[PDB]
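All Cβ positions, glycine included, derive from the backbone under ideal geometry; neighbour counts span all protein chains shown. Derivation of every value follows stated rules applied to the coordinates shown; laboratory data play no part.
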Amino acid sequence: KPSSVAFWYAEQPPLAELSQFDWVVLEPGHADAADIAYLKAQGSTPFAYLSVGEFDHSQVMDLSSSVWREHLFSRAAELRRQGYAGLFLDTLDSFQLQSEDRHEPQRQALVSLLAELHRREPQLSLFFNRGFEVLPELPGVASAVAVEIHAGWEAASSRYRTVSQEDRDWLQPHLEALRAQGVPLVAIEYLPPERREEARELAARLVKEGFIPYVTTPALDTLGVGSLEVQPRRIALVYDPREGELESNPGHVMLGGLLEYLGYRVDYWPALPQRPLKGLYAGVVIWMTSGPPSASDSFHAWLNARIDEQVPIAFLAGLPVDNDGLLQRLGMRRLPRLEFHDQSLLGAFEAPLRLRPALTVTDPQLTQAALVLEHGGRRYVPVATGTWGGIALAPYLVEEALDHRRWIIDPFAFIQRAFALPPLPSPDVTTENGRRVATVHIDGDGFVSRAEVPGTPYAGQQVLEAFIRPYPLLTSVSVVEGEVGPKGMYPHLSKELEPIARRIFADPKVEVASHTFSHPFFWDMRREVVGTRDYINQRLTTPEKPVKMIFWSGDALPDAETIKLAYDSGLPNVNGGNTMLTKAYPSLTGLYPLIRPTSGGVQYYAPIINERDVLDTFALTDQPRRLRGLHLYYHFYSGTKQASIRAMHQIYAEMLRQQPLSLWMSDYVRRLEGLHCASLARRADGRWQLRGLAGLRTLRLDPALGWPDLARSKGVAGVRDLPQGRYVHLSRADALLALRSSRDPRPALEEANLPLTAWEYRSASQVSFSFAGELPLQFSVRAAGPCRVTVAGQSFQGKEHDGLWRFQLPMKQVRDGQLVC
């Protein structure tokens with residue numbers, strides 16, 4: 001029996017958010033096979049809309065007609081074959097539009113139609129929309145019945161209308177009876193997107209009245225409020241393609257990574273979506289500096305639609321608005337000495353405020369200036385916020401110089417203020433089981449180069465002996481077929497080079513990746529993606545250790561079709577961007593995003609760029625905010641010179657001093673997948689519900705939300721309260737996070753060196769747990785009394801240090817260990 005239900009009849013269903021709901025009704029034809037399978041993998045049950053009484057300007061069909069009956073029976077079979085778990089049966093009372101003479105005939109034809117559909121397809125759950133005239137003769141057939149109770153939509157007048165008490169009285173006996181037969185009742189209510197607080201109240205009311213509510217819009221094209229409410233965890237970033245493609249837009253390059261860090265999926269848009277963003281987007285960033293698009297009327301309409309639904313909008317850098325009425329709605333108008341500024345928003349973050357846009361505030365009730373400059377006696381306002389969002393216009397956004405930029409606004413404070421962002425458990429990929437994450441991946445370039453060392457071995461052997469073998473970090477290694485293979489550019493060296501590659505790929509700390517055939521410096525694509533995959537799999541490694549990833553060469557900006565080709569070939573991908581921060585130039589403007597979404601799929605940028613700059617980037621992305629894990633990225637050419645070799649050894653040493661949790665790049669990318677896809681929802685019992693996390697298992701909990709409540713959580717193992725964040729550790733993707741205002745004194749995981757695969761409280765003092773990785777397990781527990789772990793008939797007493805109980809077990813995996821304190 002369902003605990004929550006959502007309806008989405010539009011294209012581009014937001015899959016992770018909808019998967020928060022037990023049942024999801026879709027419009028088949030606006031959804032594809034991949035959509036259905038994703039919902040199911042997340043635990044949701046997908047239903048398909050099917051109109052029974054009418055054909056779609058509708059045609060009331062003859063329910064006794066053999067052509068129509070068999071059409072619907074056929075459609076049911078197809079939809080089942082396509083993966084739907086049920087049907088949402090609509091227009092079940094449309095027969096009453098006929099003459100009273102034909103009413104009983106058609107009713108009886110409908111009872112038999114539905115009985116026969118049920119008989120033929122017993123595996124399909126049948127979710128009726130009303131049907132009160134036929135349900136009494138279909139006992140046990142309906143899994144649920146919907147009713148469109150308090151807030152309705154009147155299609156004839158195109159308006160939202162309170163439901164008459166007369167209408168409820170008519171419904172009341174029918175619903176009473178259904179409740180007595182144990183049939184779930186789904187109340188489908190309609191409120192405009194801006195009246196979201198009312199929707200929350202109505203949903204709570206309908207639950208107490210015994211319904212499963214879903215409060216939405218008449219087009220069913222919004223993420224509505226149900227018995228749970230999805231937390232808007234996306235931010236949109238709109239750019240002007242005339243000014244450049246996404247990958248060079250300054251908002252993507254300088255802000256995308258900060259929005260990811262703050263806790264959000266970032267969707268990038270150059271036709272803008274013509275549906276409500278309310279309930280799905282926490283805000284919209286606009287970063288356009290050449291004015292409105294040529295289709296300016298539609299653009300202005302779109303902006304006004306967000307204002308009207310109260311989705312906040314932040315205009316950064318430029319103000320692409322040629323519409324005084326729009327500006328008037330925001331209390332602004334088009335029209336140097338410093339008259340005023342809000343130092344919480346600018347001037348105290350990186351760059352100081354230095355004097356160097358014809359825009360002012362007309363209504364301080366609507367817009368609060370953060371910066372007021374006076375020139376020629378007029379007051380200009382280039383930075384401001386209000387309930388509608390904000391503006392932060394050049395040259396008071398970023399200080400710019402050739403090769404260097406610094407923030408003038410505090411970007412975090414501005415976005416938080418403009419969008420009124422609430423505190424979140426933010427998905428976080430920098431830290432796992434309380435430890436900073438470490439990856440090491442190697443581009444194959446220079447494998448064939450000879451090291452400037454005695455013996456002049458190949459760079460491939462040098463990296464194997466100097467770096468891979470001596471250090472205990474899992475490493476993801478690529479080669480270029482154009483270097484090492486018979487069909488490449490060194491066909492007579494392949495006989496000496498392939499054996500080295502085979503030895504590397506056979507090391508137990510190594511996983512295999514491809515670095516293409518010809519190492520394109522600037523992106524035959526099937527030859528580069530598929531052919532070198534096949535070359536490596538066949539000649540350099542075994543069936544049990546295949547290529548796991550493609551590492552892009554060169555500028556690492558393939559097109560959408562190439563990315564899709566890589567996915568179609570079983571190869572997740574990594575590289576690109578230019579995340580680099582140095583003590584010389586430590587501005588956070590140097591942080592790229594992790595994620596580059598395309599129509600061909602997601603490209604993951606290199607978390608930290610390749611080849612002192614790197615040791616600095618590690619430190620500046622660790623503190624005061626931990627923006628990145630320890631991500632060592634280099635080329636085989638780095639093993640050709642004593643000085644590069646010396647530098648490498650110093651990087652490895654700093655990484656190991658931090659005692660990270662080591663991951664292969666292919667496993668790390670499943671964490672980044674969660675970064676991109678995660679959804680958060682707030683249940684009525686107050687717990688946070690998670691979907692779409694994939695391999696991600698850390699939430700950075702905003703201290704305003706308190707501490708994990710380990711009595712009421714599911715899949716939450718502990719917390720580590722560090723300067724950079726309150727890291728909550730998850731033992732599964734479908735976790736439920738209960739919160740309390742004080743730290744839970746029951747035994748909690750503090751840190752561990754291996755991935756965590758289970759953690760369940762048997763009691764306030766006993767935990768069953770499981771870990772699996774590549775090193776002997778080390779972990780520590782925060783608890784009062786002494787702690788002991790029993791595994792496979794053996795007991796280990798915890799060693800105490802400063803409130804923690806530390807454990808070192810001589811095993812790389814633990815299945816259902818027992819912790820008692």
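For residue 51, the residues whose amide H sits under 5 Å from its own are 90, ignoring neighbours fewer than 5 places away on the same chain, with H placed 1.01 Å from N.
Given a cut-off of 20 Å, name the pairs among 509/545; 714/812; 545/641 whose C-alpha atoms lie farther apart than that in the structure shown. From 509/545; 714/812; 545/641, over 20 Å: 714/812; 545/641. Taking every pair of distinct Cα atoms and averaging 1/r, then inverting, what Kirkwood hydrodynamic radius in Å comes out for the stretch 232-422? Computed over the stretch 232-422, the radius equals 16.8 Å. By the helix-only formula, in which each DSSP H run with n ≥ 4 contributes -39500 (n - 2.57) and the sum is divided by residues, the chain has a 222 nm mean residue ellipticity of -7500 deg cm²/dmol. Averaging 1/r across all pairs of distinct Cα atoms in the stretch 698-763 and inverting the result yields a Kirkwood radius of 11.9 Å. With 19 Å as the cut-off, how large is the P(r) tail for the stretch 283-335, expressed as percent of Cα-Cα pairs? Percent of Cα pairs beyond 19 Å in the stretch 283-335: 17. Derived from the Cα gyration tensor, the three semi-axes of the equivalent ellipsoid of the chain are 49, 36, 29 Å, largest first. Phi angles of the stretch 673-690 translate, via the Karplus equation with coefficients 6.51, -1.76, 1.60 and θ = phi - 60°, into HN-Hα couplings of 4, x, 3, 6, 9, 4, 10, 10, 9, 10, 7, 5, 7, x, 7, 8, 10, 10 Hz per residue; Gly and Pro are given as x.
Two numbers describe the Cα atoms of the stretch 229-292: Rg and Dmax, which are 12.1, 38 Å. Projected onto planes of every orientation and averaged, the convex hull of the alpha-carbon atoms in the stretch 12-76 covers 5.3 nm².
Among beta bridges from DSSP that stay inside the chain, the antiparallel ones total about 55%. Farthest toward the positive end of the dipole of the stretch 658-750, out of 698, 680, 664, is the Cα of 680, where the dipole comes from beta carbon charges about the Cα centre. Shown in residue order for the stretch 320-334 are the 3J(HN,Hα) couplings computed by the Karplus curve 6.51 cos²θ - 1.76 cosθ + 1.60 at θ = phi - 60°: x, 10, 10, 5, 5, x, 4, 4, 4, 5, 9, x, 10, 6, 6 Hz (x for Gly and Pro). The equivalent ellipsoid of the stretch 671-820 has semi-axes of 25, 18, 14 Å, largest first, where each one is the square root of 5 times an eigenvalue of the Cα gyration tensor. Between the amide H of residue 222 and those of 217, distances stay under 5 Å, these residues lying 5 or more places away or on another chain, with hydrogens modeled in the peptide plane. Around the Cα centre of the chain, unit charges on the Cβ atoms of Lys, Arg, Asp and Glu (plus for the first two, minus for the last two) sum to a dipole of about 2840 debye. Ordering 141, 517, 600 by the projection of their Cα atoms onto the charge dipole of the chain, which places +1 on the Cβ of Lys and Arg and -1 on the Cβ of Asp and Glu, puts 517 at the extreme positive end. Size descriptor for the stretch 224-337, Kirkwood hydrodynamic radius: 15.1 Å (Cα pairs only, one decimal).
Here the convex hull built on the C-alpha positions of the stretch 5-229 has a volume of 130 cubic angstrom per residue. Putting +1 on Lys and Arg Cβ atoms and -1 on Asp and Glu Cβ atoms, find which of 402, 311, 355 reaches farthest to the positive end of the dipole of the stretch 232-422. The residue sitting farthest along the positive end of the dipole is 311.
Ordered from longest to shortest, the equivalent ellipsoid semi-axes for the stretch 18-139 are 27, 14, 13 Å, each the square root of 5 times a Cα gyration tensor eigenvalue. Restricted to Cα atoms, the stretch 557-656 shows a radius of gyration and a Dmax of 15.4, 44 angstrom. Less than 5 angstrom separates the built amide H of residue 143 from those of 126, 127, 128, all sequence-distant by 5 or more or on a different chain. Partner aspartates and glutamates whose Cα lies under 14 Å from the Cα of residue 278, excluding those fewer than 8 positions away in the same chain, are identified as 17, 194, 197, 198, 221, 229, 308, 309. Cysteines in the chain lacking any other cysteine Cβ under 4.7 Å from their own Cβ: 677.
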